[PDB]
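S.K.: How does the following fold in three dimensions:
(2 chains)
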Amino acid sequence: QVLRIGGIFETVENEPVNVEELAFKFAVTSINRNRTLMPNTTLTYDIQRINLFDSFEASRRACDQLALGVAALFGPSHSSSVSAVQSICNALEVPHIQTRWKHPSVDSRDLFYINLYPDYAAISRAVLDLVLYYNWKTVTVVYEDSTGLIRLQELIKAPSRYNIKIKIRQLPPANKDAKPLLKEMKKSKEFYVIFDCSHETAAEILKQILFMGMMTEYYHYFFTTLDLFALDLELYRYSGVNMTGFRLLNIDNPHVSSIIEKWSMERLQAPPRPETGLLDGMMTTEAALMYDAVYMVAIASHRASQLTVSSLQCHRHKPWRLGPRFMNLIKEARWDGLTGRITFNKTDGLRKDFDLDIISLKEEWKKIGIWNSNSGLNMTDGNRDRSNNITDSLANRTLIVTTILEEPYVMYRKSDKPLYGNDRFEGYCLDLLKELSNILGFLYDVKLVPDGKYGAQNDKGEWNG
Amino acid sequence: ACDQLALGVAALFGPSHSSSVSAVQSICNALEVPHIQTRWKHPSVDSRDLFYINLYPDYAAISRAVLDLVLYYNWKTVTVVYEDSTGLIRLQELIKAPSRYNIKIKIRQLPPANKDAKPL
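M.R.: Residues are numbered from 1 along each chain as shown, chains lettered A, B, ... in the order given. Dropping the coordinates below:
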């Protein structure tokens, strides 16, 4: 016998389609190849493509699919349709699998609504733990959407029991609105900034800020994005940049590698796809967790009995027998995925026991610690803590030096020819620069003070010079 | 909704809860018929709908009103308490204000059990 699985995706159709359809096909083909899971049954599916929005058409497709009947449904990807989809699934006792976060049903939790993605409050206490490890009492966080506070709510509660002070900013829709805000960031000196935003924005956010050039060793940057590899990788700065973030995609266990590079070679064999800046060929979180959900379907399937096709109406309310048994057996589904260890609490279908590996840039990578739900911040690596005889990053910065005219420290050289460059002067200071550069390599150029004084107060509380 | 459509009316009132309001809007704009909403509904931030009739006051207006009052009374040290993260969607910009100014703002949260809020 064969198994029927149905999936509907709502996406714009005026560019090449979403890639998770291809990932789903790859997963089902791969499990069809392997007979070590289930030899007497092979997965079969009908794929349906519809334009996004217009949840009425989604209801029509749901009726068409239940006319055939399957064991689970994938999609839709918009919150509007999924409400009615879960309502009808509860009406017909059909368990539903989803691969994207939606607004949680706190008024009444549906028994049939199963999602595999780390929670926003999960990221919230994870970032609580990491900021407490870094012991900083002044940080600035900024988001772009009303759901970002759902990710950073416990950071908002942090002052209620700590001495932390928070500087929260908001990003208005469109990528042209960050230009004023970064100017105010110039006006007010802060170095501890958090960008709580989707990964699709992070590429051009980094591009813009490097266009201004605010990444220096003065600044420490952290993103709420759970994948740093997928983002554009231009950060090979010899100026020193503090970049930190999460990682959930496993890279070790060379079987996992074989999976990731077979995906990477199957992506490139197709004609190139234009992108916004994100590197194409490496795993994305949504498709990886969808792959894990396909394997959830498989592990649910091998213990289930033979499939029985059913004919029903979306306007009818007669339950179908096997829905409860697949729901119950899926409730105790346990496996190890690309995102890591998967299990479900016995009170909800939300994913649990999440893996969050912090990863930082220093190879212009390294293990520091992990976080897990059954404990706190597991500090795995204590770091090797290198110290160098000469501490400079290959001397790739022009030092800004401001000076004034005073004998014998600074004076014009005795010559009758026009003066140019950084050698229009001489003195003890220029010496100090030359031996410091020789002993500790670094670049600099001379600038004159526009004021012409050392600096003093004016009774206004503002210094000068 | 199907029963009302079969019966035939000019418009639909409610429901109070937005969970059913989303579906009501789905059917109503399926055949493009006006529907009026009673209170706040989460705006469609991916698609545009011209059938959105909400008479509930805007979050932006009340937020700018309260920032106006707090700036008028000119208190430089204030605190704010909110029932949950859902609360902050009304007062985004009150706590954005110390960007242009220097208000020392303090933030705390109400638990789901408000009958015993004596600790906080």
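
S.K.: Point out the residues in chain A that sit beside chain B.
M.R.: Residues of chain A that fall close to chain B, judged by Cβ under 8 Å from any Cβ of the partner chain: A:53-56, A:59, A:78-81, A:83-84, A:87, A:103, A:105, A:107, A:145-146, A:149-150, A:153, A:156-157, A:159-160, A:166-170, A:173, A:184, A:188. Every C-beta, even on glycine, is put in place using the N, C-alpha and C of the backbone.

S.K.: In PyMOL, select just the buried ones from the residues you listed.
M.R.: Command for PyMOL that selects the buried part of the residues of chain A next to chain B, burial taken from 16 or more other Cβ atoms under 10 Å in any protein chain shown:
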select buried, chain A and resi 53+54+55+56+59+78+79+80+81+83+84+146+149+150+153+156+157+159+166+167+168+169+170
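
S.K.: In strands, which of the residues of chain A next to chain B appear?
M.R.: A:166, A:167, A:168, A:169, A:170 (DSSP state E).

S.K.: re the thing from before, just the ones in helices from the residues of chain A next to chain B, please.
M.R.: Among the residues of chain A next to chain B, the members falling in helices (DSSP state H) are A:55-56, A:59, A:79-81, A:83-84, A:87, A:149-150, A:153, A:156-157, A:159-160, A:184.

S.K.: Burial check on whichever residue of the stretch 301-450 of chain A sits closest to chain B, number of neighbours?
M.R.: The nearest approach of the stretch 301-450 of chain A to chain B comes at residue A:315, 8.3 Å away (Cβ to the nearest Cβ). Neighbour count for residue A:315, taken as other Cβ atoms under 10 Å in any protein chain shown: 9.

S.K.: Surely it forms part of a strand?
M.R.: No: counting by DSSP: H, G, I helix; E, B strand; the rest coil, residue A:315 falls outside a strand, being coil.

S.K.: Measure how buried residue A:4 is and give me the count.
M.R.: Counted by other Cβ under 10 Å, the residues lying close to residue A:4 total 16.

S.K.: try residue A:423
M.R.: Using other Cβ under 10 Å, residue A:423 has 10 other residues around it.

S.K.: same deal with residue A:41?
M.R.: Counted by other Cβ under 10 Å, the residues lying close to residue A:41 total 16.

S.K.: again, but for residue A:458
M.R.: Count around residue A:458 with other Cβ under 10 Å applied: 8.

S.K.: I'd say it and residue A:464 touch.
M.R.: Yes: using Cβ atoms under 8 Å, residue A:458 is in contact with residue A:464, at 6.5 Å.

S.K.: Output stretch A:26-37 as PDB - backbone C-alpha positions only.
M.R.: C-alpha atoms of stretch A:26-37 as PDB (Å, rounded to 0.1, in the frame of the first residue of the first chain):
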ATOM      1  CA  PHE A  26      13.800  15.800  -2.200                       C
ATOM      2  CA  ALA A  27      12.900  14.500   1.300                       C
ATOM      3  CA  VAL A  28      10.100  12.300   0.000                       C
ATOM      4  CA  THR A  29      12.300  11.000  -2.800                       C
ATOM      5  CA  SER A  30      15.100  10.200  -0.300                       C
ATOM      6  CA  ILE A  31      12.800   8.300   2.000                       C
ATOM      7  CA  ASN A  32      11.400   6.500  -1.000                       C
ATOM      8  CA  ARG A  33      14.900   5.400  -1.800                       C
ATOM      9  CA  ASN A  34      15.700   4.100   1.700                       C
ATOM     10  CA  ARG A  35      13.900   0.900   2.600                       C
ATOM     11  CA  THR A  36      15.500   0.700   6.100                       C
ATOM     12  CA  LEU A  37      12.600   2.800   7.400                       C
END
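
S.K.: mind listing what's buried in it?
M.R.: Using 16+ other Cβ under 10 Å as the test for burial, stretch A:26-37 gives A:26, A:27, A:28, A:31.

S.K.: In what element of secondary structure is the closest residue to the third one other than its chain neighbours found?
M.R.: The spatial neighbour of residue A:28 that comes closest, neighbours along the chain excluded (Cβ to Cβ, 6 or more residues apart in numbering or on different chains), is residue A:43 at 5.1 Å. Remark: residue A:43 resides in strand A:42-51, with elements defined by DSSP states H and E.

S.K.: Fine by me, we can end here.
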